[PDB]
Amino acid sequence: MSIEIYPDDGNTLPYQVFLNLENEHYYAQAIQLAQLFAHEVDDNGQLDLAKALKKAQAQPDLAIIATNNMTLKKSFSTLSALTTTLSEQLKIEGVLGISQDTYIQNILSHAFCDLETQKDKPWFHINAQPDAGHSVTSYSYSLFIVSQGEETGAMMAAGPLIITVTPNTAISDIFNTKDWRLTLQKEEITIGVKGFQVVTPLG
């Protein structure tokens, strides 16, 4: 995994990889697929669904299992729809090596009052435009992850991208161009290679 070569001196990969994406089980999990992942990725070093979908076919245990996304939006409608979709798709808030909570109440708490989620997750940012009525200030995550099965010794190659659509549209006065209506969606593709028991060391 990573660069580490010979010709140059010992480091010169055109893939420039070493810590290009976050994983929480990198201890050995980034290694299972390492030589696979170092092959079909993009110049950054992340799973490319065009080529790495073939790379996935060579994963330690299984292959491409999940190419799922989420659709969350808010609007001066009712949260009867807003939170409903959020909860249903709260599962894909990283149900890889899920945490102790990472669920409702710890997440749905801010749903009760303006779910800006305290700017949850260290996402990059490609925000506001010069429009003042038809803009979008969104901050994009996407880093790529891997997980560990301890039971049987499996793993899981994950590659999510996250977009926080919070627009720069202007005016919420005598009429709104919709300056305070928000929307959040994204895509996580995940190559499952394991005997997944529960969200935990998949086995």
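Structure determination for this PDB entry is given in the record as solution NMR.

Per the secondary structure count, the protein chain includes four helices and five strands. Taken from the N to the C terminus, the helices and strands of the protein chain come in the order α-α-α-β-α-β-β-β-β. Counting over 203 residues, the protein chain shows a buried share of 38%. Sequence separation of at least 24 residues holds for 58% of the intrachain contacts in the protein chain that already meet a minimum separation of 6. Total accessible area on the protein chain is roughly 11,800 Å²; 55% of this is exposed by carbon and sulfur atoms.

The next thing to look at is the pattern of salt bridges. Under the criterion given, the structure shown has six salt bridges. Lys-91 is the salt-bridge partner of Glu-88, the closest N and O atoms lying 3.4 Å from each other. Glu-88 gets classed as exposed once you look at its relative accessible area, which sits at 53%. Here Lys-186 and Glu-188 are joined by a salt bridge, their closest N and O atoms 2.6 Å apart. There is no split in this pair, since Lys-186 and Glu-188 are both buried. Through salt bridges that share partners, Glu-93, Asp-120 and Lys-121 make up one connected network.

Another point: the environment of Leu-19. For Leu-19, the location among the structural elements is in the segment before α1 (29-32). The exposure class assigned to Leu-19 is exposed, which follows from its relative accessible area of 66%. The spacing of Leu-19 and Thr-164 is 145 residues in sequence and 23 Å in space, taken between C-alpha atoms.

Moving on: the pairing of strand β3 (residues 145-148). Here β3 pairs with strand β4 (residues 155-165) via four bridges, running antiparallel. Bridging across to β4, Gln-148 finds its partner in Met-155. Between the end of β3 and the start of β4, which pair antiparallel, lie six residues, with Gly-153 showing a positive phi angle near 90°.

Next up on the list: empty space enclosed by the protein. One pass over the full model with this rule turns up two cavities of 30 Å³ or more. In terms of lining, the largest cavity is formed by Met-1, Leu-21, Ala-30, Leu-33, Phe-37, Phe-144, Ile-145, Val-146, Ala-157 and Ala-158. Secondary structure elements with two or more residues in the lining of the largest cavity: β3 and β4. Here the residues of the lining of the largest cavity sort into 10 nonpolar, no polar and no charged. In this structure, the second largest cavity occupies an estimated 30 Å³ of space. Around the second largest cavity sit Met-1, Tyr-15, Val-17, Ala-34, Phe-37, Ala-38, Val-41 and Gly-45, which together line it. Taken together, the residues that form the lining of the second largest cavity break down as seven nonpolar, one polar and no charged.

Here the focus is the environment of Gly-133. With respect to the element layout, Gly-133 can be found in the loop between α4 (79-88) and β2 (138-140). Those residues in contact with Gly-133, other than ones at most four positions away along the chain, are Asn-168, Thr-169, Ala-170 and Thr-177.

Rules and cut-offs
- Residues numbered from 1 in each chain as written, not as in the entry; some residues may be left out.
- Heavy atoms only, no water.
- Helix = DSSP H or I, 4+ residues; strand = E, 2+ residues; numbered from the N terminus.
- Buried < 20%, exposed > 50% of the residue type's maximum accessible area, 1.4 Å probe, protein only.
- Contact = heavy atoms within 4.5 Å.
- Areas by Shrake-Rupley, 256 points an atom, 1.4 Å probe, with all protein chains shown as cover.
- Salt bridge = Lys/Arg side-chain N within 4 Å of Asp/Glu carboxyl O.
- Pairing = 2+ DSSP bridges.
- 1 Å grid on protein atoms, 1.4 Å probe; cavity = no way out; pocket = protein on both sides within 12 Å on 5 of 7 lines; lining within 4 Å.
- Points joined across faces, edges and corners; volume = space filled by probe spheres on them.
- Nonpolar A, V, L, I, M, F, W, Y, C, P; charged D, E, K, R; others polar.

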